[PDB]
Amino acid sequence: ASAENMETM
Amino acid sequence: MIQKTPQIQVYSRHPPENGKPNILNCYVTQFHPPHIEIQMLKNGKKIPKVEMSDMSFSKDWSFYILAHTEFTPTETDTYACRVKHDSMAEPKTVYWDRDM
Amino acid sequence: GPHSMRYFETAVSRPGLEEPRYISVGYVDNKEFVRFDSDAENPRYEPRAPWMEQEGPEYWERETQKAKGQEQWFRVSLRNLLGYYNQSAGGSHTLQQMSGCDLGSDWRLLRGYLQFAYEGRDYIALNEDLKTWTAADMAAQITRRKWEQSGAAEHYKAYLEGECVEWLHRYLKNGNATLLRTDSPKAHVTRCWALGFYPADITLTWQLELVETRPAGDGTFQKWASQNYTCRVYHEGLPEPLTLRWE
């Protein structure tokens with residue numbers, strides 16, 4: 001199950 | 001530009017015996033950026049139907065792929081892999097050595 | 001023995017196209033199970049192993065939708081970085097991500113991974129304490145401070161310790177077919193060759209010129225190296241190292 005990113009770089 | 005030259009290995013799935021169906025592999029690694037063209041040749045003639053597999057990268061961030069197609073080895077013919085990638089002016093061609 | 005899961009994600013920006021190309025590729029005990037690709041026909045998380053087929057359309061909407069988020073995330077980020085480094089317009093750049101978890105033979109969490117490269121260079125990485133960051137360069141400091149003064153680390157920690165473990169604990173139970181049942185090398189001399197093994201970790205010797213380990217396309221791996229001299233093979237699956245010469 002892949003992860004979800006939140007805040008951008 | 002940030003660029004890395006692909007290492008190439010050409011080889012068979014199974015050890016070759018004359019007129020006995022097999023797969024040919026062209027493993028290409030350590031390259032950047034990830035765009036790349038890989039050809040497989042039978043006597044300098046572009047083998048039809050080559051499956052591209054992988055395209056991910058290893059923990060050092062550099063890219064890897066495996067190209068492959070079906071083939072019936074003979075000792076009357078030559079086999080090679082030919083690669084084109086921004087880091088190299090001219091395509092690279094590595095030839096199949098059945099003992100390797 | 002020990003067990004792992006990893007997702008490898010690449011986004012590549014391109015001159016002209018306002019959307020980058022995006023690939024995510026899932027791996028279980030070092031062996032591919034799922035993949036997404038942005039270019040493709042009409043794109044979703046296709047399965048790349050037969051044991052993953054028993055997961056039901058329902059699981060795929062979840063993951064496919066997740067991959068939609070990541071494109072968004074990778075696009076914006078691609079453009080944040082351009083400014084961070086004074087890269088002007090029209091040029092090709094690459095952002096890469098690696099996340100996942102290690103389990104030890106007892107099935108408990110050994111460690112999580114979450115890391116990033118720009119242009120193939122280390123950019124920012126979650127420390128082994130799942131709680132702090134190593135930033136490679138001055139640009140990455142901006143990202144770091146954004147991610148500190150915003151608590152991203154815990155979010156990832158929550159994915160790493162919990163979800164990542166839960167689902168891998170499960171994929172393991174679903175497909176020992178080409179997983180837990182490991183097979184081992186058949187050696188011989190023509191230079192000695194090891195053929196047919198899994199996993200890929202192996203060592204070869206001569207006792208009185210290294211070929212790198214390489215997929216054979218069918219899921220197994222191969223290596224070689226070249227009366228006194230005798231060849232030994234060492235492997236995860238040998239119940240005792242192998243010794244040979246012949247010819």
Side-chain angles (χ1 to χ4, degrees), chain B residues 6-16 21-31 34 36-40 47 49-71 73 79-83 85 94 96-100, chain C residues 4-8 10 23 25-35 37 46-52 98 100 175 177-187 191-204 210-225 233-237:
Chain B
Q7 287 235 281
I8 294 139
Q9 276 192 254
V10 171
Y11 60 94
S12 46
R13 184 178 276 191
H14 297 108
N22 193 353
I23 322 287
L24 196 57
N25 294 327
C26 184
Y27 189 45
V28 189
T29 68
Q30 325 271 277
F31 59 85
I36 208 161
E37 289 139 68
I38 302 171
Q39 282 140 306
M40 298 220 269
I47 289 165
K49 163 202 295 151
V50 172
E51 280 89 318
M52 292 316 158
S53 80
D54 172 76
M55 195 54 90
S56 27
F57 53 91
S58 92
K59 257 206 188 154
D60 86 315
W61 300 117
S62 104
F63 293 94
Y64 66 99
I65 207 153
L66 186 58
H68 69 92
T69 191
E70 300 208 83
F71 91 122
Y79 297 98
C81 189
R82 163 128 77 229
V83 183
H85 179 264
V94 185
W96 181 48
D97 181 311
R98 35 172 61 217
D99 191 357
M100 292 178 59
Chain C
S4 59
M5 179 167 65
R6 301 283 155 60
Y7 286 89
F8 287 79
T10 302
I23 324 295
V25 181
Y27 281 100
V28 85
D29 275 45
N30 296 299
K31 185 207 168 298
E32 194 164 345
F33 71 126
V34 305
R35 146 163 45 190
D37 178 349
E46 256 75 69
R48 283 283 211 285
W51 57 269
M52 280 289 314
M98 208 223 54
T178 343
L179 280 197
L180 282 169
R181 292 276 176 111
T182 88
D183 44 75
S184 94
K186 277 76 66 54
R191 171 186 290 157
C192 64
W193 290 66
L195 301 156
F197 51 98
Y198 174 79
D201 320 81
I202 199 160
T203 312
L204 313 162
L210 76 102
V211 167
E212 82 175 339
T213 309
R214 63 191 205 195
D218 65 354
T220 59
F221 292 88
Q222 42 182 261
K223 201 182 189 70
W224 60 252
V233 184
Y234 298 108
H235 188 74
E236 269 194 51

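The chains referred to below are lettered A, B, ... by the order of the sequence lines, with proteins before strands, and numbering in each begins at 1. Only this structure's heavy atoms are used, side chains among them; waters, hydrogens and symmetry mates stay out.
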Within a strict 4.5 Å, meaning less than it, do heavy atoms of the C:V211 and B:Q9 side chains meet?
yes

About how many Å separate CD of B:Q30 and CG of B:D60, when rounded to the nearest 0.5 Å?
6.0 Å

For the residue pair C:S4 / C:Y27, report whether a side-chain donor-acceptor contact shorter than 3.5 Å exists.
no

Within a reach of under 6.0 Å around CZ of C:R191, are more than 12 heavy atoms found that belong to other residues, nucleotides or ligands?
yes

Partner set under salt bridge (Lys or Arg N to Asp or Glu O under 4.0 Å) for C:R6, not counting sequence neighbours:
C:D102

Are B:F71 and B:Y79, when compared by the centres of their aromatic rings, separated by less than 6.0 Å?
yes

Rounded distance [0.5 Å steps], OG in B:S58 versus CE in C:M98:
10.5 Å

Of all the heavy-atom pairs spanning B:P34 and B:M55, show the shortest one and how long it is.
O-CE, 3.2 Å

Evaluation steps, side-chain contact (heavy atoms from CB on, under 4.5 Å), between B:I36 and B:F63
CA-CA 10 Å; B:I36 208 161; B:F63 293 94; over 6 Å; no

Taking the side chain as every heavy atom from C-beta outward, state whether C:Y7 and C:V25 have any atom pair closer than 4.5 Å.
no

Tell me, do C:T220 and C:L195 make a side-chain contact under 4.5 Å, heavy atoms counted?
no

Is the shortest side-chain heavy-atom distance between B:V10 and B:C26 below 4.5 Å?
yes

Can you say whether the rings of C:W193 and C:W224 are parallel (under 30°), tilted (30 to 60°) or perpendicular (over 60°)?
tilted

Heavy-atom distance under 4.5 Å between the side chains of B:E70 and B:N22, does that happen here?
no

Using a 4.5 Å cut-off on heavy atoms from C-beta on, say whether the side chain of C:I202 contacts that of C:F197.
yes

About how many Å separate OG1 of C:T182 and CD of C:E236, when rounded to the nearest 0.5 Å?
6.5 Å

If you take all heavy atoms of C:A216 and C:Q222, which pair is closest and at what distance?
CB-NE2, 3.5 Å

Consider only side-chain N and O atoms of C:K223 and C:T213, and report whether a donor and an acceptor are under 3.5 Å apart.
yes

Side-chain heavy atoms of B:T29 within contact of B:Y27, under 4.5 Å
yes

Rounded to the nearest 0.5 Å, how far apart are OH of B:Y11 and CG of B:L24?
9.5 Å

Is there side-chain contact between B:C81 and B:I38, with heavy atoms separated by less than 4.5 Å?
yes

Please give me the minimum heavy-atom distance between B:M40 and B:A67, naming the atom from each residue.
CE-C, 3.8 Å

Could you pull out the closest heavy-atom pair between C:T178 and C:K31, with the gap in Å?
O-CD, 3.6 Å

Before giving the answer on side-chain contact (heavy atoms from CB on, under 4.5 Å), spell out for C:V28 and C:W51 the whole-Å C-alpha distance, their side-chain angles and the decisive distance to 0.1 Å.
CA-CA 12 Å; C:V28 85; C:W51 57 269; 3.5 Å; yes

What are the two closest non-hydrogen atoms of C:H235 and C:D201, and how far apart are they?
ND1-O, 3.1 Å

Roughly how far, to the nearest 0.5 Å, is the NE2 atom of B:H14 from the CD1 atom of B:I23?
8.5 Å

For the CD atom on C:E46, are there more than 12 heavy atoms of other groups (residues, nucleotides or ligands in this structure) within a distance under 6.0 Å?
yes

If the condition is ring pair (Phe, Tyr, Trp, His ring centres under 6.0 Å), which residues does B:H68 pass it with, not counting sequence neighbours?
none

In terms of the angle between their ring planes, are C:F221 and C:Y198 parallel, tilted or perpendicular, with boundaries placed at 30° and 60°?
parallel

Nearest-0.5 Å distance, CE of residue B:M52 to OG1 of residue B:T69:
9.5 Å

If every non-hydrogen atom of B:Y64 is compared with every non-hydrogen atom of B:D54, which pair is closest and at what distance?
O-OD2, 2.8 Å

